[PDB]
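Worksheet for the structure shown next.
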Amino acid sequence: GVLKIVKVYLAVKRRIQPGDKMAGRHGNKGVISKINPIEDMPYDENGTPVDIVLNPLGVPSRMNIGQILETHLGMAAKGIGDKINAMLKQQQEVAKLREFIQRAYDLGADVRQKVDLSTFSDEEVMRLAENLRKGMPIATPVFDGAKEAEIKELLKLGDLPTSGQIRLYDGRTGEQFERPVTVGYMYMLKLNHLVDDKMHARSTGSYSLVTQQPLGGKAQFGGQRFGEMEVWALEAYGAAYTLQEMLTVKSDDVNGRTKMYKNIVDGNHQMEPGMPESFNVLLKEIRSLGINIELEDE
Amino acid sequence: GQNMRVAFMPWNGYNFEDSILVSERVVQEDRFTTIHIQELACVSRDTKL
Amino acid sequence: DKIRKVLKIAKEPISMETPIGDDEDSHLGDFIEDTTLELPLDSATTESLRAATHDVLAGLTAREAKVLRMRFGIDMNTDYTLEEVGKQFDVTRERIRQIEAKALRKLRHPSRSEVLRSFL
Amino acid sequence: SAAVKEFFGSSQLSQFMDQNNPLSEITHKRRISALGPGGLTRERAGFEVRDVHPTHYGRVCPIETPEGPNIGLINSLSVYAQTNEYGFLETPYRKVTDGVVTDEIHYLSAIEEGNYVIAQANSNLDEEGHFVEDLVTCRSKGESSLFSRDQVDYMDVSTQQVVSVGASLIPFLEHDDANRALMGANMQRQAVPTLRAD
Amino acid sequence: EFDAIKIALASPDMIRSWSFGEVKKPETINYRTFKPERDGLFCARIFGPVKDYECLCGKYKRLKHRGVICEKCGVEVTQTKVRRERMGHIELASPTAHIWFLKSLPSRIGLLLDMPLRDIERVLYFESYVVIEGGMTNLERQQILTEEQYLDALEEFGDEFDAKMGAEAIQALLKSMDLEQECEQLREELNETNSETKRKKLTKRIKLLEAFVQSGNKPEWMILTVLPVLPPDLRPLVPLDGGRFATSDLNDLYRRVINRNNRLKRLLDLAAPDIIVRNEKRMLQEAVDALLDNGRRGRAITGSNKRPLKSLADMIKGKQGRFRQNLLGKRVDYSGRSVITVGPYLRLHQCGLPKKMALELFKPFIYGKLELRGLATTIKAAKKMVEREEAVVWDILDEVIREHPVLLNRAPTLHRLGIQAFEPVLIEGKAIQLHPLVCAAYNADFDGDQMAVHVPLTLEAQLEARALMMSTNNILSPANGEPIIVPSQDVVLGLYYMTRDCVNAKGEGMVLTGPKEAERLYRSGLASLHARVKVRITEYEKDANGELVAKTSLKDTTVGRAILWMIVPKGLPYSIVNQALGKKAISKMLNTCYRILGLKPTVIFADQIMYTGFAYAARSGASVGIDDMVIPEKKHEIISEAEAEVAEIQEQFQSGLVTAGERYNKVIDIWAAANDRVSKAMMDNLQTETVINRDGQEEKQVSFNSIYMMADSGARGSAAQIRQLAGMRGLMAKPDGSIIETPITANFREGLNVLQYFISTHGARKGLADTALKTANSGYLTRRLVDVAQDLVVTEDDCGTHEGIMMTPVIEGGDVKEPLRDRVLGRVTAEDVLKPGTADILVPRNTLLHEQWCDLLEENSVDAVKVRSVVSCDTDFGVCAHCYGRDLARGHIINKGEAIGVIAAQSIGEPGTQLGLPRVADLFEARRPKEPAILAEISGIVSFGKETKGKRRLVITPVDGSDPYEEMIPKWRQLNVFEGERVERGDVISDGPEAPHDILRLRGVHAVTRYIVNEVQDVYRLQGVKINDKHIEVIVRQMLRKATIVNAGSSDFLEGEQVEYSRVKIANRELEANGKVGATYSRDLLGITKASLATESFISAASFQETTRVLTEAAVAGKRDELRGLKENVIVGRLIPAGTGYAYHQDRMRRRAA
Amino acid sequence: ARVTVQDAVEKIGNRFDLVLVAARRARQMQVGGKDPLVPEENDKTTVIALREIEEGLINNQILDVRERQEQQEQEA
DNA sequence: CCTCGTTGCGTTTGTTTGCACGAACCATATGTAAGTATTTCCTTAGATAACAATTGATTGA
DNA sequence: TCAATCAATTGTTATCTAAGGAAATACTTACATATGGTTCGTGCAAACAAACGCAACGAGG
Ligand SMILES: [Mg+2]
Ligand SMILES: [Zn+2]
Ligand SMILES: [Zn+2]
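Residue numbers (full-length UniProt numbering), protein chains in the order written: chain A, 1045 to 1342; chain B, 797 to 845; chain C, 492 to 611; chain D, 499 to 696; chain E, 16 to 930, 1137 to 1375; chain F, 2 to 77.
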C-alpha cells in the first residue's frame, strides 16, 4: 500500500541549560540549576574562576570519597600540565621539558610503570609535551590505585598546596571566602536525561478511544495521570471543586470539557461538571454481563 | 565526559540538594554540547479515495 | 494489480491488548485516539462563525438578508432553491439570483468582511 | 524463517542496542540476564536469586546491576571471566607452587574454586615469586582467613578481576560506598558524547 | 440528578428491553469498503450510524432528515455518539449458566438449590442427569442419575419421570423451586437443630433465600437465555496506519459465541444425534464462560497470539480495570511535567514556571484575553498569534497568570503535602524551580526528579488552591503538629556557622549599640562573624494580649547572633538566637514563632531564615577535603589489640575449652568493643581537639572541622557515617544474618581491599533490593488504610458524649518513652481534670488543651488526663470536632467537613518506607497470633474436669451466675494460674500474645484501641517516626464498625446478622421511644481489608478489592448504593461530601428529605 | 496582592465556607453584574473577593441580603 | 419643475446538476467431488502469604 | 458406632507511584453456476448562469 517513503535526517545541537542532569563517576548525580556569569564565580589568587560549584554536603552522607580524591589528584594532574604549558609558552629547551616530564613520571613509590624519555627523540618529546599541556593523564587502577601520599607528592611537584584546598574569592564582592575550599578537576558527564526531552505541557489534545480520556506522555501530546494517590491528597484537603474538575471536565466529561473550553475563552471560569464517560462505559460493561445496574431516582 | 575545574562549597543555595552551579564559560566553550541526529519519515500510501 | 490488492487485503487485526515492549502496563489500545472528535478550538470557531454570520447578515436590507438566509440553510431547515424563494417572494427566479449576487458583493466589501476573511 | 525471526526480533533476550556510548555498547554486549524464556520473572524472582554470592567473585560483577524492579537479575560479566565448554563461568588464577607464584594461568570454575585456597591480588612478592609475608589472606570455601605461605594453590591474576568493565573505570572505587559505586557505573553507562572528546 | 445506584439480576425481558436489535451474524466489516455489515457486531441499524447524521446507504446526509429511519438500508440517522450507548442481544438456542453465579465459591446456584457444585458441573457438562420433580414415587427431585441409571429407569418409568441434562435442567430446578416454603422448612430445621457447622450452613442458605425472595430477583435469571451485547464503540475495530486494524478481544469472544449459537441452531434444525447437539451445547457454554470471565473453566482461550483474551470481567477487576485505571485516577488536561531545579530566590508561595510550559498550559485563557483586548478578531487569529509567539502574546500571558495558582505534584504522593499550590513566576527556561523549603514535604531532591503542574480552571478551584493548598498554608505536618518547612541542610549549616562562638576572634570584647552595629562591623571586616561581644538588644514580649512590651538590655552574645537577631520577628525572646542554632534549634524556633505570633510572621521568618542561611553558608566557604576526615592515631593500636585477643581466643578454642559457636560469639563481642573504642577515639579527636589560645596559655573549643560541623549542626551526616569515613566501618552481616567474624577494619579515607568491598556489596545489594521490594507492601497498606477510612468526615460540632480514654505517659523499664505533653496536646478533655489533691477544678471539662493548658499540667504534675477520642464518639455517620481535637495541620480545632480518615491513612502510611512494617500490617489486619493467649472468658473460681486426650476442660464458675462455659485448653500450654483459684474477666490463664479480638471481647473498646495504638506506636517510635494517635484511633474506629446481635428481642434484626453498628445504635435509640428494646449486641473487630470490604456501599467495596465477589453478592442481594462516601462520589464525578462540597451535600439532603 | 488568607478565614472561619463565599463573590464581579468594593490593585476577582472578605465588607449574610434586595427592587 | 443615469424586474439564450435507467462486468454465495482414509496434544516453570471451603481422620456421646 | 469437631489439602485473591518503549512474521480447496450488486455512460428535467431590454425612480440641471 505504501507508495513512497521520504526520510529526513535532522541534526540538532543541544548546548546546556538548567534541568540537564550531570554526573561524576562516583554516583554523584546533579541537575544544573543556574548558569552563572564568569564574574560571579569563585576565583583564586590568579583570577581563574572555577567551572562548577558542587555542594560539600553531598559528600559526607553518601560515602563516595573517591570524588574528593579524584578532585585532589585531578588538580595535581592539571598542575603538571600547567607547568609544562609554561615551559612550552616560552621556548625553554628540549632538555628542560624532558627533565621535568621525566621527573613527573617517576614520583616516588615503586610503581610498575617505567617511562624512559632518553629513547624519545627530541621531536617525540615535544609531541608528548604538547599532548600534556592540557594536563597529565593519570591511571589509578581499581583496587591498586594512587595512595594519598603520592597525591600529595604530585601536588608538590606542581606548586599546588598538598592540603588540596586554596583560598577563593567571591566574584560578586571580591571578598575572600573564609575556610579554604577544595578545588580541583573532576570528570563530569552529561547524561541522556536532557530537559529538552522531558519538558511537556498540554491544554487539550487527542483523547483515548474507549475511555474518552487524554493519552500518554509527550509522544501523543497526552496529559498527566492524576492517579489515585493524587485524588487522596485532594480529598485530604477540602479541594472538592479542584478534584471534581480534575476528574470530570479536565479528563472525561465529553460535553463538559468543550463547554469549559468555551467558558474559559470568554472569561467565565465556571464549569458544568456532568457525568464522566468512563462511568458510562463501566455501566454498559456491567450491564453487558447479566447484571442490571442502573441509577435510581432519575 | 569533560574534566572541569570544580569547587566544593555551598554558594547561595544554587546547589542545594544535588543541584549544580555552572559557569557561563562552560557554555561558551561548548564543551557539554551534543549532536542529536533524528529521523523523520513521510510515507505516501494508496488510500481508497 | 489484482496481486497488489490481494496482498493488501488486511491481515488479522492486532489485539488492542497487545503489550508494548515494556510489557508492564503499555498496551496497544493506549496509543489509539478517537479520530471522530471535534477539537474544542474547532467547536469554538464554529460558534464564533455562526455569531459572525449573524452579525454580518444583520447589516443587510431585509429582503436581501432573508434571501441569503434562505439560499443557504442558515439557522433554518434544508436550503431552499431559487424557484422556492420566488414561490415565497412571488418574483422571478433570475430576480432572486441577481439579489443574492448583489448581497454577496456587498458582503465582499472591506471593513465589512475583514473578520469573516479572518475566519479563513 | 518464522522461528528464527521471532527469536532474533521479538524476544526478551534480544534488545535494542544501547548505543549512546562505547562503554554502554560494550557493557550491553557482555550482559548476563536471568530472565527470558527459560529463566525467572522480575515479578516473582525472589530475593535469594538476586543476592550476591561468594561464587560471583571474579565471574559476575558485584555492583554493576540495575537498581529497580530487576536488581540482581541483569548482572554483568567480570573483566576476566570466561565460559566453560559446558557454559559455566570460570575466572583466571596464577598457579602457586610450594612458595613461588608461577605465571601460568588456570581458569577455575565455581565448583573447582572451593577445593583450593586462593591468595588475594593484594598480596606481596619478593621479586622472585615468593610471598613476602608468611601469613597471606585467602578464601577457601566462601570464607576468608590467614594461611601459611606453603598452603596456597592459586593467586588472583589481578586486582581488577572482581569488577566489570564499567565498574573498573571508576578511579578510587575502593573509597566509594557500594551503593554509590553501583550508581556511578550505571550513570556512566548513560553519558552522551559531547562535541569534542577531552 | 440520581440519588443512588441499584444493582440486581437481569431478566431476559430486561436484557431485551436494553437491546436495540439482535446481533444475528458474526460479521463485522466488509473487507473492501469497510462499512459495517447488515446484522453483525458492528451494525448501523442495530447500533447506530458511523458518521454524524449521515445514513449508511447515502440517501440522507443532512441534519434536516434527523429522526427518520431509511428504507434502502433501514439505518436511523442520528449522532454517532449513540454508538457508545446502543446495546444488542443474542438469543441463545440453549440456556447457559452465568459463570459468576456458578463459580463464585460459594456458588449461588449450588447454595440456592442445596446441590454441591461438583454435581451441578457434572449436570452442566452433560455428564449426568438430574431429576426435575420427576415423580414422587421412586426418585427424589434433587437426585442425580447417570447414563446407566437413567437408561435403567427409562423402560422402568416412562411418565412421572423428568431427568434432564445441562443448563436447561439447572434452570428447570431453579424455576420449579419456591423460595418461601424452602425458607420455612429450613427455618424449622434451624430452630430444631443443634450443630454449629450445620447451623452455619442453614444460616447461610436462609440468608441467600431471604435476600433473594425479598428482592425482585428470580433464581432462573442465573441461567442466561438472552445475552447482552456491548456497544461497538466500547469494543472498537479501528484502522491502524498501513491498512491494519486494531480490534478488542470482546469482538473475538462475541464472534465465537455467535458462531457456536448459530451452529447449534443449525444442528437442532437438522435433528442431529444427541451426541453432536450435546457437544455443541458444551461448546456454547464454554464460549459464554470465556466471554464473561475467560477463567473459571480450567483453560482460558487465547487469541491469534498465544495470549489469553481479555474478558468482560477482566475489564472491570484489578489494578488495570476501569475502577482503578479510569474512575479513581485519570489522565488530565491542562497538565505538564518537567525537571525541578532549586531557584533559591523564590518566596514560599511562588514557583518558577517555564514560559513555554505556561504558554501551552494557559492557551484558552490567552485566546480569551487576545479576543477581549482586541488584539485578535477571531479565535483562529489568536491561535495564529500564539503559534507565532508575537511580542504581545507574552504580555497577555503575564496578565493571565498574575494570580492564578498552579498545583505542583511529585510522582509518589505519599501524603497531602505531595500536592501544593504555588503562584507562578515565569522563567526563561525549561525546568520548574521549586522553593527549597518545600522539598522536604515533597521528598524531592534535585538530581533529576520531575514534577507535574496542574492548572486550576474554575473560580472555585483557584480559590481552593489559594486558601487550602497554597504552600504558605501548609507549614505544619498533618501527622504530627511539627513544622514541615524547616530549613534543611545549607541553611542549617549557614545559621549554625554564623551563631557559634570562637574563643579569640577579631573584635572580641567590644560593646555594640545594636544588631546594625554588629552587621556593619562584620561586613566592614573589623569584627569576626562570631566574636564574643556585648550588644544592646531590644526584645519584645507579649505577656498579655496584644501589648508588646519592649525590654532593652546589654546581652553577651556574638556578632553573628546579633546579626541574625534582625531576622527574628518582634514578639520572640532573644534567647532563641543565643545558642549554636543547629537543625533542632531552628525547627523549635519556627514552631515557637508559629505558636506565639501566627502564620504570616512565620512564613516571612522562614523565607528570611532561608535567605540568611544560604548567604552565610556561601560566605563560610565550608568545603570537604581528604584532610577533613581525620583517622584516630590509636586506630592501629586498637585493631592490633583486638587481633591479639582474637588470636588468644582462637587458641583457647583450639585447646578444647569452648565450642566453635561460643568462640565466634566472643570474637563478635570483642570486635564490637574495639569498633566502639575506635569510634569514640575518632569522635574525641574530631569534635573538640581544635586548640588555640586567647591572650594566654591555651583554651579548648569545639572543632571547626567541616565534616564535624556538618554532622553536629544536623545539616548532613550522622555519627554512623562519620565513623564509616574515618574509623573502621564495623562488622558486616551477610544477608542471611550471620555476622562475618572478620570485620571490615578499613574506612573509606583509606581504601577497602577487594575482599572487604565484596563483603560490603553483599549488604549494599541487600539494602537496595529490600527498599525496592518494601515500598510495594507499604503502598498496599496505605491503600487498604485509605479504603477503610475514606468514608469518615467530621460531620458534627459536638456529640455530647462523656466517654473518653485516659492518656498517661508511656513508661517501659522505668523510663519514659513519650511524655504526657506530646500525647494530650490538642485533645479535648472528656471529664473535668482535678489536681492530685482534689483541691479544685484545674481545667474545665470540654477545653481544647493547647500548649498553655499542657504547660499548666506539666507544672502541676498531672499523670493521667481523660481526653475524648474518635473511637468513643456518639456521632452517627461521622465524628464531632470535639472528639477529634486540634487539626494538627492548623492550630485551631478541626473544622466541620474535614476528611480525617484520609488524613489518618496518609499519616500512618507515608512513613512506612522508613520502617517492622509487617507488624503494623498484622495489627491493622487484626491477625490472630499463631500461639495466642488463653484469657479468662468469665470471672469466677477455676477448676479442672476431664483431662484425657480431648484436652483439659477448664471450668470457671461465677458466684451466682450460670457456668456452662468450659474451655478445651491444651496440656502443652503452660497454665499461668493454679487449678484451684479464682480469676477475673479478661484475665490471663495461659501465656502468649493477646489477640485483639479477645481484648475487645473481654476488656472492652478502650482496651483494644489502647492495645493497637500502643503497639503500632511502639513500632514507629522504635523506628524514630512521629505520628499522632488520632490517626491510629481513626483506623481503629473504622475497624470497630460492625456488631452482631446477641439477642434481637423486639428489634427488627436476626440473631447472627452482623449489622452495621450505627444502624443498631439508631434502632436502640428509637426503641427507647417505645418500651420494648430487647436489642443487645457484641461489637466485632475486623481487619482493615475485611472491614472495608464489608461496607454498606457495593461500589466502594467493588472498587478496590475482589470485584467479582462484591458484584455477585450485590447483584443477588439487590443492593442499593446511596453514595454518601468519598469513593462513590469520586467515581460518579460529583462533589465529594468532605471539604468545600460538604455544604453542597448537606444542601442536597435538605432537598431530599422533603 | 495576596500571600496568605488568615484574616479572611478568621472573619468567616471553617476554611471551606470562605472558599464558597469568595467564589460566589468573585463570580459576581467576573460576570458584568457587580463591581469591586475595595480599590482594585490589578488583582484578579478571586483576590479581590478575598480582600473584601478580610475588610469585612463581604459575608455570606451580606451577599444573600444584597441578592434579596436586588430581587425586591427588580419588581420596579 | 423635465431629463438622464441607476436600479428592479422579466426575458432569452446557454450550461451544470440531480435522478432514474439500462448495461456489463466482476463479486458472492453455493454446490459438488465415490482406492482408502476412523479417539489430540503440548507445554511450562526458582513467589509468597493469607484466607476460606472441602475432605478426611479423631473423638464425645 | 454416629457424627461434631480438628486438620491437611485446594482453590481464590493480593502484592507502590510515575515517566520510556511502539506491534510483527508456520499451519495452501478447486472448479462451475446462478444471481446480483456495483460501476458507468446516458437522457430528461430541473436548477444556475450571462447578458439584455424595458420601465420606474430619483437625483441632476
Ligand atoms: Mg533524586
Ligand atoms: Zn439508507
Ligand atoms: Zn464526639
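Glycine included, each C-beta is placed from N, C-alpha and C at the ideal position.
{"Asked": "Length of the line joining the Cα atoms of residue 471 of chain E and residue 420 of chain E", "Found": "7 angstroms"}
{"Asked": "Residue 1118 of chain A vs residue 428 of chain E beta-carbon contact at 9 angstroms", "Found": "no"}
{"Asked": "Residue 1073 of chain A: CB within 8 angstroms of a non-hydrogen atom of ligand 1", "Found": "yes"}
{"Asked": "Cα-Cα separation, residue 85 of chain E to residue 76 of chain E", "Found": "11 angstroms"}
{"Asked": "Shell residues, 5 angstroms Cβ cut-off relative to heavy atoms of ligand 1", "Found": "E:460, E:462, E:464"}
{"Asked": "Beta strand (DSSP E) segment containing residue 367 of chain E, residue limits", "Found": "365 to 369"}
{"Asked": "Three-way DSSP call (helix, strand, coil) for residue 1203 of chain E in this model", "Found": "strand"}
{"Asked": "Burial state of residue 603 of chain D, where buried means 16 or more other Cβ atoms lie within 10 Å", "Found": "exposed"}
{"Asked": "Contact set between residue 264 of chain E and chain C, taken where Cβ atoms lie within less than 7 angstroms", "Found": "506, 508"}
{"Asked": "Residue 628 of chain D - partner residues in DSSP beta bridges", "Found": "D:598"}
{"Asked": "Three-state secondary structure assigned by DSSP to residue 1217 of chain E", "Found": "helix"}
{"Asked": "CB contact below 9 angstroms: residue 531 of chain C versus chain E", "Found": "yes"}
{"Asked": "Cα-Cα separation between residue 619 of chain D and residue 778 of chain E, rounded to whole angstroms", "Found": "23 angstroms"}
{"Asked": "Cβ contact (3+ pairs, closer than 8 angstroms) linking the region 1258 to 1272 of chain A and the region 513 to 527 of chain C", "Found": "yes"}
{"Asked": "Identified DSSP bridge partners for residue 485 of chain E", "Found": "E:436"}
{"Asked": "Sheet register partners of residue 104 of chain E (DSSP bridge)", "Found": "E:37, E:243"}
{"Asked": "At least three beta-carbon pairs within less than 8 angstroms, the region 1332 to 1350 of chain E to the region 828 to 836 of chain E", "Found": "no"}
{"Asked": "Start and end residues, alpha helix (DSSP H) containing residue 425 of chain E", "Found": "First-last for residue 425 of chain E: 421 to 425, but that is the beta strand (DSSP E), not the alpha helix (DSSP H)."}
{"Asked": "Nearest-angstrom Cα separation, counted from residue 755 of chain E out to residue 748 of chain E", "Found": "5 angstroms"}
{"Asked": "Any non-hydrogen atom of ligand 2 closer than 8 angstroms to residue 71 of chain E Cβ", "Found": "yes"}
{"Asked": "Any non-hydrogen atom of ligand 2 closer than 8 angstroms to residue 74 of chain E Cβ", "Found": "yes"}
{"Asked": "Identity of the residue in E:360, E:1201, E:1191 nearest residue 1178 of chain E by Cα", "Found": "E:1201"}
{"Asked": "Contacts around residue 729 of chain E, its chain only, beta-carbon distance under 7 angstroms, and the 5 residues preceding and following it disregarded", "Found": "507, 597, 598, 599"}
{"Asked": "Where residue 1363 of chain E meets chain F, residues with beta-carbon distance less than 8 angstroms", "Found": "17"}
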